[PDB]
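A.B. asks: Take this structure, written in structure tokens, and hold onto it; I'll ask about it next.
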Amino acid sequence: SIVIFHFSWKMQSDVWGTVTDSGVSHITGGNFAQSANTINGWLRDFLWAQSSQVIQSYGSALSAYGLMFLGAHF
Amino acid sequence: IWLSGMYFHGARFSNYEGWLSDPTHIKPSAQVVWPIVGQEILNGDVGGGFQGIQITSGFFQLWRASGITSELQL
Amino acid sequence: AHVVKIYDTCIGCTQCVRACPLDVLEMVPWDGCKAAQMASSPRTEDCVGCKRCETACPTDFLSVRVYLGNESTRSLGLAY
Amino acid sequence: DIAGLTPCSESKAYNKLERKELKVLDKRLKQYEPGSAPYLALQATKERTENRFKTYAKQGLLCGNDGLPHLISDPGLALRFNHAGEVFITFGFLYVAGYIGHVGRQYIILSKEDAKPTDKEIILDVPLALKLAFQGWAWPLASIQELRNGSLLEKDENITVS
Amino acid sequence: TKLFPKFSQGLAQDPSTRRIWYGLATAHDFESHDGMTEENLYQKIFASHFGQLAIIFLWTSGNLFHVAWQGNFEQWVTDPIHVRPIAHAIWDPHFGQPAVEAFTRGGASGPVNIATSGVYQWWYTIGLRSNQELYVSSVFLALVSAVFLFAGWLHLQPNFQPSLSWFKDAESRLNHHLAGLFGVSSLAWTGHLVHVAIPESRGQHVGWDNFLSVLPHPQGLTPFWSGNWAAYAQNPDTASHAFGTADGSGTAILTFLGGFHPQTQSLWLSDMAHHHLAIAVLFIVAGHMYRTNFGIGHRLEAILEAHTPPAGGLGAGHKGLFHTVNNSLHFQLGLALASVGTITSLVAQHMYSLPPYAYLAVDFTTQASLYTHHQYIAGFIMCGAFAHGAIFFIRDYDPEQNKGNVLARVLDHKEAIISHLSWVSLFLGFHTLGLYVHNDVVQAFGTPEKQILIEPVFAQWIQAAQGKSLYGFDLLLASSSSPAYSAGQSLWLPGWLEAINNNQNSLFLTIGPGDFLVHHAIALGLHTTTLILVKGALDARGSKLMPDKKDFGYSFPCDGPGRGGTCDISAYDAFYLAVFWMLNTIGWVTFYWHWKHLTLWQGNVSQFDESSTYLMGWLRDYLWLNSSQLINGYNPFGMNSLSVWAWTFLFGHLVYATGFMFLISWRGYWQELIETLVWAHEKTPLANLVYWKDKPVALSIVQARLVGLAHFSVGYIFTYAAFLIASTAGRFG
Amino acid sequence: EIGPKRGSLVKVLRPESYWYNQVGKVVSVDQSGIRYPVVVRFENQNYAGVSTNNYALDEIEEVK
Amino acid sequence: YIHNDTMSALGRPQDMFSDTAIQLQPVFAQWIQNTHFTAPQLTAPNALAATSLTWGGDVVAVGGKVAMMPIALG
Amino acid sequence: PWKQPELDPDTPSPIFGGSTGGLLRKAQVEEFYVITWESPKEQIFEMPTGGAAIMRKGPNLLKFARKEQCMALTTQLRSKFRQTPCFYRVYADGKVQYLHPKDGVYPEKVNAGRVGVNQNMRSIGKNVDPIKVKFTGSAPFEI
Ligand code: CLA
Ligand code: CLA
Ligand code: CLA
Ligand code: CLA
Ligand code: CLA
Ligand SMILES: CC1=C(/C=C/C(C)=C/C=C/C(C)=C/C=C/C=C(C)/C=C/C=C(C)/C=C/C2=C(C)CCCC2(C)C)C(C)(C)CCC1
Ligand SMILES: CC1=C(C/C=C(\C)CCC[C@H](C)CCC[C@H](C)CCCC(C)C)C(=O)c2ccccc2C1=O
Ligand SMILES: CCCCCCCCCCCCCCCCCC=O
Ligand code: SF4
Ligand code: SF4
Ligand code: SF4
Ligand SMILES: [Ca+2]
């Protein structure tokens, strides 16, 4: 679980994103180096900062992921 | 049997032909849900005049790598 | 150590003496069953408490009981 | 108009919500051709939404302060007004539940009167189960007639430690 | 042979670490100590009681001292709405530059922490107004604590130790506890309310230097000895009346006004005096019921023997119950814990609805912390009551003494009782979970109208029967022609109706379809915890899988892996399993309370009412939305006052996760691991010089369950306390 | 001769047995003066797995 | 991690294991990344470039989105 | 047996490489056990402390730290090679104690030469309750 968490956050904060004429902008704010040193950084900038899509997923096309999210917790 | 099922689903219930002409704008999809209790919302608009469950298996990219144009080959 | 007891509802099948892995129980002669033998436990200080005798007991309820108590170096199974 | 609620026929929140859903579904109609399969699917979903709102309303169902229909469950309070249908008809579940219980109890008693009733549990006796399933339509009559005769319980033949 | 477990030679002769751990576990089980008689047992209990009283008074004395030294009590009295209470000062050499700058709040010169105990409002309400009165009262409480400690030692001496019959005397104990401890103390409290609390609330300073020269009422006892008792309720305090000065004050003392105070939002101080006075008269007149050494009174044994219905409804009735209760200590302990655990919850339910302290409804963190604290305390005490009932059934229940009575009669159908509890729990669980999942799926398919919403027509009917005219039920106390409305129409009904009709306080909050499901969830948790505890108490002395369980004690590991396996078969194990359900039930009731008040305090009462039906709405609008400021205590851009709460919020998570280790992993794996470490330390150079005095061994099975439960409960408590105080303190006052 | 008829179903009266108030078939009754000579056999197995046990003469009652 | 948590909570961000404060750099992996990047010039002459763009310096992007960008280690 | 065979030294111990699980500081400070048996041929057995060892012909003697290890090796030799072993308990001072078989026949036989101990002539379930044995230090089963 820690291995896949490290992969997802590192890719989203240092590789993936979109390139424009004035540089490349990552998916997140590029906060892998300044927020991974603390445990509160993970719980705040990874699990809480992300998962907002899973949380606000009701009524959308990916509505089954919120149901799968709550169901998996049970 | 599972591999044949994935090929048959990509042949009949997918949008591989639409994704083949626009791989950078249409999202992959190879599963359509029947409208029983609600459930129309899951059939998300994936683009290309088709609506279904967006798949993340990479079967379309694999079918692109070894030449496969129509659905008759699938 | 632990306290082992053998009640009179014993049938003398000699299964607890075979299941004991520390040579605690024995079979003494008796005159109250068909086999004319009843179990006993002279080496109670060597009881470890694995309760294999209770699983080997076939009568209902068990004729042998292992009541756990104080622990010593022998009853704790320590090899150091 | 009881418990401080109001009929779904005269609530602004009910109509506001109806228009909200009809609008979010209509926003997806512009992304497709006016005569294809996604267009037909979206049109069918819109018709079902309009029918459901009409069906949910004008049927005595009432909502409260948010347009969501509320349900009255007290008998008497649901009988003095036209609200008996929403939840007081518990007899449907009671009928199906008693049907299941009577069929299972009849299969357990009849199968026990046979040598070794165990393998009859892992390997069902399908002609006996199908016959017992279609014979329990009048289950409350059999339950009241099996209670007065004392053939429903046991006196004192139970594995107890009390 | 060591000498640390002085009370047990068996553990004293243990050559392992098990002697140390167990030496701290059975230290209070006086009933199973080496060479202990009934008289010695009762005398030891009488001493430990005094020790507990001494530490309680010392703790409250220390609280008064700390608030008088660092708290801004004098600054809080002049402005009880804007300023925040101060608990104590913070001295930490580990603090940095920004921690010292950010921890200074409440108008202080150094770093301090705001108090959530709510003692400032309590002291300001009872009459304490200076920073010196807390000082002198703190030294007085320390003095009375010292006296209790001396009294406990005094009674542990020859020619001063009480006998066994003195302990086994219920008539005089009940007479003195109902007359002196419950009645005289209440009479003294209403005397303080009428002599100090009432004049201090009207600006008239009354202290030890002038209370003998200021009369509480103008009439001055003249009506108490005359047929004019209503003179003490002539002019009550008007609406436009400040709680600090005499602007709009009155001269009445024993009034009867329903509702609250217009400025402090608390009950009238001239009503609590009347309340405590009526309670004092009732308790004093009730304390002369039993027969002491006189020619009047009642006999408890005679009442119990006379209470037996004819036609064999209960068989022997209550015959032998007097000797069963008086001869046993766990029965009395279970009854006392049940009563205390019930009234603790009663205190929690009445303090939030009817605030008794001035400016308590304004303090939002104090109310939440006080409610959560009292509810968790009540849950733990309620679990202890059933635990001691199981201990009673195993240790001191002789079946030959009370044959055929109600105690032996309820034991005959324990299977019926346990089975019906199982049915109720299964019903509530299946249906509450099904309704929640149905509303959740229907809400997830983009259709909220489809979700099932049940209006609580029974609790709404009760609220309409008590005065709330929002639902529309034309019933008594809400009508104008009912006999209950005309009765009391001139006594307390206008103030009570004015307080219950307002939608801003917490007195009888407006319920809806979202409270129905949560109330059913609360019912499910209560019936399940009761099922586990009642089953562990009734099946404590035997079962069909193990009939001689009563001969094995109360807390044993198992009875081997035979007969299918007997893991967690003792009553201790049953209580252990019930602690988790108690924690879950209290967590559900506190989540409900905090969310309803969290949505009422911010004027967004329509948020919870429409978003509390589905569990995703609970997880999003309650756990995810209210946790935005808590986790932002310390980020790479600095820190703030909430950082300490943010730290303990994660500290609780770590304690919880460590408890899961002792709960999942069992002793045998760890025993082999410890053996390998022993070989390592013995065959290693330069470290083999030292050696352990006691052989290292793994924790026992029962000990592992206890440590895991302690880690689980500590994490569960610390995490929620951090989130509650941070989420409330972070966005409110 | 002293015990019940061999092959007759009886009821167990031992209050601490797994077959209390149950019905078991008597397989044999010993005639040597032992404490528990009536040996019975039950259709349902106990928690240990056995299906037969021997009871005394006083803890054996006729079925219903 | 717990030390960085306590150092950030106590208001002392200069005493934590981070890139700004007291650091720990993975010099072995940084050297291997450099070796793989400059490897097709001396120890792989027939190879056109590095076997991957994980340690390179040329970010590739298809459709505006980043495909494989160089990865840095801290 | 007919006489307690006194344990004697200078017995050929089995060939075995150095193991790791055995004879710690307790085997010297407190006590340890020793098992002797007679082998009729040359075989390879499994020690209850690690790998496998061979069986030297003639007498055989092994030393262990726990009685359970000697009992485990005893049952292994009795059920896999049909032998008749016997073990002793050596105390710290050097006092040898015969341990198995004490009567010398086997512990699962009768032999009519041993008196029963720790037996209750009552059946389990007829024991009195915890309340009756209060402050008596004794227990229902002990009574
Ligand atoms: C008008 C005739 C009358 C009636 C109706 C009663 C009625 C009663 N008498 Mg009384 N009595 C009468 C005449 C009468 N008496 C006369 C003429 C005399 C002689 C003077 C007495 C003398 C007498 C004595 C001395 C006593 C009674 C008692 C009682 C009460 C209990 C009787 C009983 O068997 O318990 C009920 C039978 C049971 C089997 C109890 C059932 C328990 C249930 C099933 C538990 C279910 C709980 C479950 C969790 C519920 C869920 C609800 C949820 C909210 C939790 C009962 C209400 C006894 C009493 O005072 O008790 C209060 C008592 O000791 N009577
Ligand atoms: C048809 C068989 C049958 C019948 C008549 C009953 C009847 C009863 N059960 Mg029960 N039960 C059953 C099967 C059955 N059960 C099975 C298979 C299980 C294991 C999952 C349980 C587990 C169970 C528990 C844990 C409890 C009960 C309880 C009860 C009593 C309360 C009412 C209730 O509905 O509880 C609920 C019943 C269930 C949740 C079981 C539902 C599962 C289905 C209906 C069983 C499938 C039966 C099968 C289709 C029959 C075969 C048909 C045949 C033609 C082949 C009641 C007398 C409660 C009690 O103690 O008494 C007060 C209780 O706590 N039951
Ligand atoms: C009238 C004489 C008298 C008085 C005043 C007392 C007083 C006391 N006895 Mg005693 N006793 C007496 C006679 C008396 N006894 C006699 C004559 C006998 C012999 C027959 C005994 C035998 C006896 C024994 C054996 C024991 C006591 C004990 C105690 C102490 C009880 C513990 C306690 O403080 O709880 C305080 C109780 C209250 C304050 C009232 C109850 C509180 C309820 C729950 C309501 C809460 C009030 C309110 C809501 C909260 C407001 C506070 C909040 C604002 C902070 C107490 C100080 C126990 C002891 O040793 O000390 C612990 C004990 O073991 N007594
Ligand atoms: C009026 C209150 C009261 C009293 C007088 C007793 C008295 C007794 N209890 Mg009891 N009990 C109570 C309430 C009470 N209990 C409650 C509320 C519960 C529910 C939690 C229990 C549950 C309970 C059980 C399950 C058992 C007893 C047992 C006993 C008996 C001996 C064990 C003992 O006390 O040694 C002292 C025990 C200890 C010193 C252990 C202390 C470790 C605590 C629990 C952990 C502290 C948490 C943590 C470290 C806090 C630090 C946080 C950190 C961040 C700083 C004894 C007669 C035992 C018994 O009957 O004997 C077999 C038994 O097994 N009690
Ligand atoms: C135990 C909790 C629970 C309950 C009470 C409900 C209840 C309901 N759900 Mg729900 N649901 C649940 C759990 C639950 N659900 C869970 C856990 C999930 C997630 C898997 C869902 C997911 C879900 C979805 C997706 C939907 C529902 C829907 C519904 C509604 C369907 C009504 C219906 O089935 O038509 C009628 C069914 C019948 C008539 C069955 C016929 C049975 C026989 C043939 C007839 C009975 C005999 C008859 C009455 C004659 C008897 C005579 C008598 C008078 C004597 C209903 C109010 C649907 C809805 O419309 O929402 C409102 C729907 O969309 N549910
Ligand atoms: C195990 C056991 C035990 C314990 C037990 C317990 C724990 C119990 C409990 C319980 C509980 C915890 C209970 C509770 C209760 C309460 C109640 C039951 C109540 C009441 C009342 C009423 C009836 C009321 C009424 C009213 C009024 C008067 C006013 C207002 C209105 C109303 C209606 C509300 C012991 C030790 C003994 C031993 C035996 C066994
Ligand atoms: C790790 C582990 C051990 C080993 C744990 C040990 C040996 C604990 C001792 C390690 C140190 C000494 C603990 C530190 C002690 C505390 C910090 C303070 C305790 C002091 C209080 C009594 C005041 C077990 O013995 C065990 C037993 C049964 C199930 C699971 C487990 C288990 O998981
Ligand atoms: C599982 C038993 C059947 C196995 C053989 C399946 C034969 C299927 C052959 C392909 C059938 C395709 C039919 C598609 C019809 C619609 C064409 C439009 O795309
Ligand atoms: S518990 Fe184990 S060591 Fe003790 S007598 Fe039974 S089998 Fe032997
Ligand atoms: S196993 Fe039980 S019945 Fe058999 S000899 Fe041992 S104690 Fe007796
Ligand atoms: S608690 Fe441990 S020893 Fe006891 S039965 Fe369970 S697994 Fe076996
Ligand atoms: Ca003052």
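Within each chain, counting starts at residue 1; across the structure tokens, chains are named A, B, ... in the order shown, with ligands numbered 1 upward in that order.
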Taking only C-alpha atoms and all ligand atoms and a cut-off of 6 Å, can you tell me which residues surround ligand 10, written as a list in words?

C.D. replies: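 The residues within 6 Å of ligand 10, counting only C-alpha atoms and all ligand atoms, are residues 6, 10, 11, 12, 13, 14, 15, 16, 39, 56, 57, 58, 59, 63 and 64 of chain C.
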
A.B. asks: Could you turn the residues from that selection into a file that holds C-alpha atoms, as a PDB file, in the first residue's frame?

C.D. replies:
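Listing of part-v2.pdb after writing:
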ATOM      1  CA  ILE C   6      -9.213 -37.362  37.106  1.00  0.00           C
ATOM      2  CA  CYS C  10     -13.251 -42.586  33.468  1.00  0.00           C
ATOM      3  CA  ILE C  11     -13.452 -45.628  31.207  1.00  0.00           C
ATOM      4  CA  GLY C  12      -9.744 -46.513  31.101  1.00  0.00           C
ATOM      5  CA  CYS C  13      -9.148 -46.229  27.350  1.00  0.00           C
ATOM      6  CA  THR C  14      -5.548 -45.093  28.070  1.00  0.00           C
ATOM      7  CA  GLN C  15      -5.703 -42.255  25.549  1.00  0.00           C
ATOM      8  CA  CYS C  16      -4.644 -39.381  27.804  1.00  0.00           C
ATOM      9  CA  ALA C  39      -5.722 -42.717  35.065  1.00  0.00           C
ATOM     10  CA  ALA C  56      -7.877 -37.162  23.947  1.00  0.00           C
ATOM     11  CA  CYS C  57     -10.623 -37.779  26.510  1.00  0.00           C
ATOM     12  CA  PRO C  58     -13.579 -39.516  24.830  1.00  0.00           C
ATOM     13  CA  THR C  59     -16.157 -39.476  27.601  1.00  0.00           C
ATOM     14  CA  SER C  63     -12.761 -37.353  33.056  1.00  0.00           C
ATOM     15  CA  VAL C  64      -9.450 -35.469  33.212  1.00  0.00           C
TER      16      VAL C  64
END

A.B. asks: Can you list, as an MDAnalysis selection string, every protein, DNA or RNA residue that comes within 7 Å of stretch 13-15 of chain F when you count only C-alpha atoms, leaving out same-chain residues fewer than 3 positions away?

C.D. replies: chainID F and resid 20:21 59:61

A.B. asks: With N, CA, C and O atoms retained, write the just-selected residues as a PDB file, in the first residue's frame.

C.D. replies:
ATOM      1  N   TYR F  20     -28.159 -33.706  27.362  1.00  0.00           N
ATOM      2  CA  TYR F  20     -29.140 -33.548  28.427  1.00  0.00           C
ATOM      3  C   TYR F  20     -30.530 -33.380  27.828  1.00  0.00           C
ATOM      4  O   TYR F  20     -30.703 -32.648  26.851  1.00  0.00           O
ATOM      5  N   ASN F  21     -31.510 -34.083  28.407  1.00  0.00           N
ATOM      6  CA  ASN F  21     -32.919 -34.114  27.993  1.00  0.00           C
ATOM      7  C   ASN F  21     -33.105 -34.606  26.561  1.00  0.00           C
ATOM      8  O   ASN F  21     -34.124 -34.315  25.933  1.00  0.00           O
ATOM      9  N   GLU F  59     -29.454 -41.827  36.166  1.00  0.00           N
ATOM     10  CA  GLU F  59     -29.512 -40.747  35.192  1.00  0.00           C
ATOM     11  C   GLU F  59     -30.030 -41.217  33.838  1.00  0.00           C
ATOM     12  O   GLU F  59     -29.659 -40.664  32.799  1.00  0.00           O
ATOM     13  N   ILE F  60     -30.887 -42.229  33.835  1.00  0.00           N
ATOM     14  CA  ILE F  60     -31.476 -42.778  32.623  1.00  0.00           C
ATOM     15  C   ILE F  60     -32.978 -42.839  32.849  1.00  0.00           C
ATOM     16  O   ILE F  60     -33.444 -43.481  33.794  1.00  0.00           O
ATOM     17  N   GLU F  61     -33.727 -42.159  31.993  1.00  0.00           N
ATOM     18  CA  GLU F  61     -35.174 -42.090  32.094  1.00  0.00           C
ATOM     19  C   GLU F  61     -35.773 -42.547  30.772  1.00  0.00           C
ATOM     20  O   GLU F  61     -35.144 -42.426  29.723  1.00  0.00           O
TER      21      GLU F  61
END

A.B. asks: Taking only C-alpha atoms and all ligand atoms and a cut-off of 7 Å, can you tell me which residues surround ligand 9, written as a list in words?

C.D. replies: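 Here is the list of contacting residues: residues 4, 16, 19, 20, 21, 22, 23, 24, 25, 46, 47, 48, 49, 50, 51, 52, 53, 54 and 66 of chain C.
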
A.B. asks: Export, as a short mmCIF file (atom, residue, chain, number, x, y, z; two decimals), in the first residue's frame, the selected residues with C-alpha atoms.

C.D. replies:
data_model
loop_
_atom_site.label_atom_id
_atom_site.label_comp_id
_atom_site.auth_asym_id
_atom_site.auth_seq_id
_atom_site.Cartn_x
_atom_site.Cartn_y
_atom_site.Cartn_z
CA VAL C 4 -4.76 -32.03 36.91
CA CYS C 16 -4.64 -39.38 27.80
CA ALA C 19 -1.53 -37.94 24.34
CA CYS C 20 0.52 -36.47 27.18
CA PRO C 21 3.83 -35.15 25.79
CA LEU C 22 5.58 -34.69 29.17
CA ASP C 23 4.82 -38.01 30.98
CA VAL C 24 2.50 -36.60 33.63
CA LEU C 25 -0.39 -39.07 33.61
CA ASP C 46 5.85 -31.47 34.99
CA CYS C 47 2.50 -30.34 33.65
CA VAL C 48 2.86 -27.72 30.97
CA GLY C 49 -0.83 -27.12 30.23
CA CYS C 50 -1.10 -27.90 26.50
CA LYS C 51 -4.43 -29.65 27.30
CA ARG C 52 -3.86 -32.55 24.91
CA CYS C 53 -5.29 -34.96 27.49
CA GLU C 54 -8.61 -33.13 27.44
CA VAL C 66 -6.27 -29.39 33.67
#

A.B. asks: For chain E, report every residue with an atom at most 7 Å from chain C (counting only C-alpha atoms), formatted as a list in words.

C.D. replies: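 Close to chain C, chain E has residues 10, 11, 14, 15, 560, 562 and 563 of chain E.
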
A.B. asks: Show me, as a short mmCIF file (atom, residue, chain, number, x, y, z; two decimals) with N, CA, C and O atoms, in the first residue's frame, every residue of chain A with an atom at most 8 Å from chain G, counting only C-alpha atoms.

C.D. replies:
data_model
loop_
_atom_site.label_atom_id
_atom_site.label_comp_id
_atom_site.auth_asym_id
_atom_site.auth_seq_id
_atom_site.Cartn_x
_atom_site.Cartn_y
_atom_site.Cartn_z
N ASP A 14 5.38 14.98 -9.98
CA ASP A 14 6.65 15.23 -10.64
C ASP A 14 6.74 14.82 -12.09
O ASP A 14 7.73 15.18 -12.73
N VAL A 15 5.79 14.07 -12.66
CA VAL A 15 5.95 13.68 -14.06
C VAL A 15 4.73 14.08 -14.86
O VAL A 15 4.83 14.84 -15.83
N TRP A 16 3.57 13.55 -14.48
CA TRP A 16 2.33 13.81 -15.18
C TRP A 16 1.89 15.25 -15.03
O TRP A 16 2.30 15.95 -14.11
N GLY A 17 1.05 15.68 -15.94
CA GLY A 17 0.52 17.02 -15.98
C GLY A 17 0.19 17.38 -17.42
O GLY A 17 -0.33 16.55 -18.17
N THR A 18 0.49 18.61 -17.79
CA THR A 18 0.25 19.11 -19.13
C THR A 18 1.30 20.16 -19.45
O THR A 18 1.68 20.94 -18.58
N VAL A 19 1.78 20.15 -20.67
CA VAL A 19 2.80 21.10 -21.08
C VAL A 19 2.15 22.22 -21.88
O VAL A 19 1.17 22.00 -22.61
N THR A 20 2.65 23.43 -21.69
CA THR A 20 2.16 24.61 -22.38
C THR A 20 3.36 25.30 -23.00
O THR A 20 4.46 24.75 -23.01
N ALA A 33 8.35 17.12 -2.94
CA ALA A 33 9.54 17.32 -2.13
C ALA A 33 9.29 18.13 -0.86
O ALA A 33 10.03 17.96 0.11
N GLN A 34 8.28 18.99 -0.84
CA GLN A 34 8.02 19.81 0.33
C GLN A 34 6.87 19.32 1.20
O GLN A 34 6.51 20.00 2.15
N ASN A 37 7.94 14.81 3.66
CA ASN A 37 8.81 14.58 4.79
C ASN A 37 8.07 14.39 6.11
O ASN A 37 8.67 13.91 7.07
N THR A 38 6.79 14.76 6.18
CA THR A 38 6.03 14.62 7.41
C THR A 38 4.86 13.66 7.21
O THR A 38 4.35 13.52 6.10
N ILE A 39 4.45 13.01 8.30
CA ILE A 39 3.32 12.09 8.25
C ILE A 39 2.04 12.88 8.02
O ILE A 39 1.15 12.45 7.28
N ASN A 40 1.95 14.07 8.62
CA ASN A 40 0.80 14.94 8.42
C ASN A 40 0.72 15.43 6.99
O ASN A 40 -0.37 15.76 6.51
#

A.B. asks: Which residues of chain F sit at most 12 Å from chain H, using only C-alpha atoms? Give each one's shortest atom pair and distance in Å (one decimal place), in chain and ascending residue order, as a Markdown table.

C.D. replies:
| residue | atom | partner | partner_atom | distance |
| --- | --- | --- | --- | --- |
| F:14 | CA | H:125 | CA | 8.9 |
| F:15 | CA | H:125 | CA | 7.8 |
| F:16 | CA | H:125 | CA | 5.9 |
| F:17 | CA | H:125 | CA | 9.0 |
| F:35 | CA | H:123 | CA | 10.4 |
| F:36 | CA | H:123 | CA | 10.7 |
| F:55 | CA | H:123 | CA | 11.3 |
| F:56 | CA | H:123 | CA | 11.3 |

A.B. asks: Generate the output file for the selected residues, N, CA and C atoms, as a short mmCIF file (atom, residue, chain, number, x, y, z; two decimals), in the first residue's frame.

C.D. replies:
data_model
loop_
_atom_site.label_atom_id
_atom_site.label_comp_id
_atom_site.auth_asym_id
_atom_site.auth_seq_id
_atom_site.Cartn_x
_atom_site.Cartn_y
_atom_site.Cartn_z
N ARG F 14 -28.20 -36.54 33.04
CA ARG F 14 -27.00 -35.94 33.60
C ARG F 14 -27.03 -34.45 33.30
N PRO F 15 -27.11 -33.58 34.31
CA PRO F 15 -27.22 -32.13 34.06
C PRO F 15 -25.98 -31.47 33.47
N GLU F 16 -24.88 -32.19 33.26
CA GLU F 16 -23.68 -31.57 32.72
C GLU F 16 -23.20 -32.26 31.46
N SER F 17 -24.05 -33.05 30.83
CA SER F 17 -23.73 -33.77 29.62
C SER F 17 -24.23 -33.02 28.40
N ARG F 35 -19.94 -48.17 38.26
CA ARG F 35 -20.70 -46.96 38.57
C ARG F 35 -21.62 -46.55 37.43
N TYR F 36 -21.13 -46.62 36.19
CA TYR F 36 -21.91 -46.22 35.02
C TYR F 36 -21.95 -47.36 34.02
N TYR F 55 -23.84 -43.95 30.88
CA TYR F 55 -24.42 -43.27 32.02
C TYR F 55 -24.73 -44.29 33.11
N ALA F 56 -25.15 -43.77 34.25
CA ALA F 56 -25.49 -44.61 35.38
C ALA F 56 -26.93 -45.09 35.25
#

A.B. asks: Taking only C-alpha atoms into account, find every residue of chain A that has an atom no more than 10 Å from chain E, and write it out as an MDAnalysis selection string.

C.D. replies: chainID A and resid 34:35 37:41 43:45 48:49 52 54:67 69:71

A.B. asks: Could you name the residues that touch stretch 61-70 of chain B at 12 Å or less, counting only C-alpha atoms, but leaving out those on the same chain fewer than 2 positions away, as a PyMOL selection string?

C.D. replies: chain B and resi 6-7+10-12+14-21+23-24+27-28+55-59+72-74

A.B. asks: For residue F:5, find every residue with an atom within 12 Å (counting only C-alpha atoms), except residues of its own chain fewer than 4 positions away, and show them as a compact mmCIF listing (two decimals) with N, CA and C atoms, in the first residue's frame.

C.D. replies:
# COMPACT_ATOMS: atom_id res chain seq x y z
N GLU F 1 -29.57 -57.08 33.01
CA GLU F 1 -30.69 -57.48 33.85
C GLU F 1 -31.11 -56.35 34.78
N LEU F 9 -34.89 -47.04 23.54
CA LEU F 9 -34.51 -45.64 23.59
C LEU F 9 -34.77 -45.10 24.99
N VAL F 10 -33.81 -44.35 25.53
CA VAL F 10 -33.91 -43.76 26.86
C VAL F 10 -33.59 -42.27 26.78
N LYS F 25 -30.27 -44.29 22.10
CA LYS F 25 -30.50 -45.72 22.07
C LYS F 25 -29.48 -46.45 22.93
N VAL F 26 -29.96 -47.32 23.81
CA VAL F 26 -29.09 -48.10 24.68
C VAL F 26 -28.45 -49.21 23.86
N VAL F 27 -27.13 -49.26 23.83
CA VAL F 27 -26.47 -50.31 23.07
C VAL F 27 -26.19 -51.52 23.94
N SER F 28 -25.78 -51.32 25.19
CA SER F 28 -25.50 -52.42 26.09
C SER F 28 -25.50 -51.91 27.52
N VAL F 29 -25.76 -52.82 28.45
CA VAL F 29 -25.77 -52.52 29.87
C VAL F 29 -24.88 -53.56 30.54
N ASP F 30 -23.83 -53.10 31.20
CA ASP F 30 -22.91 -54.00 31.88
C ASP F 30 -23.52 -54.54 33.16
N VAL F 38 -24.88 -48.38 32.00
CA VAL F 38 -25.77 -48.20 30.85
C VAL F 38 -25.05 -47.40 29.78
N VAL F 39 -24.72 -48.06 28.67
CA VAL F 39 -24.05 -47.43 27.55
C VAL F 39 -25.10 -47.08 26.51
N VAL F 40 -25.13 -45.82 26.08
CA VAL F 40 -26.11 -45.38 25.10
C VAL F 40 -25.39 -44.85 23.87
N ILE F 60 -30.89 -42.23 33.83
CA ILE F 60 -31.48 -42.78 32.62
C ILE F 60 -32.98 -42.84 32.85
N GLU F 62 -36.98 -43.10 30.83
CA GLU F 62 -37.65 -43.55 29.62
C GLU F 62 -38.09 -42.34 28.80
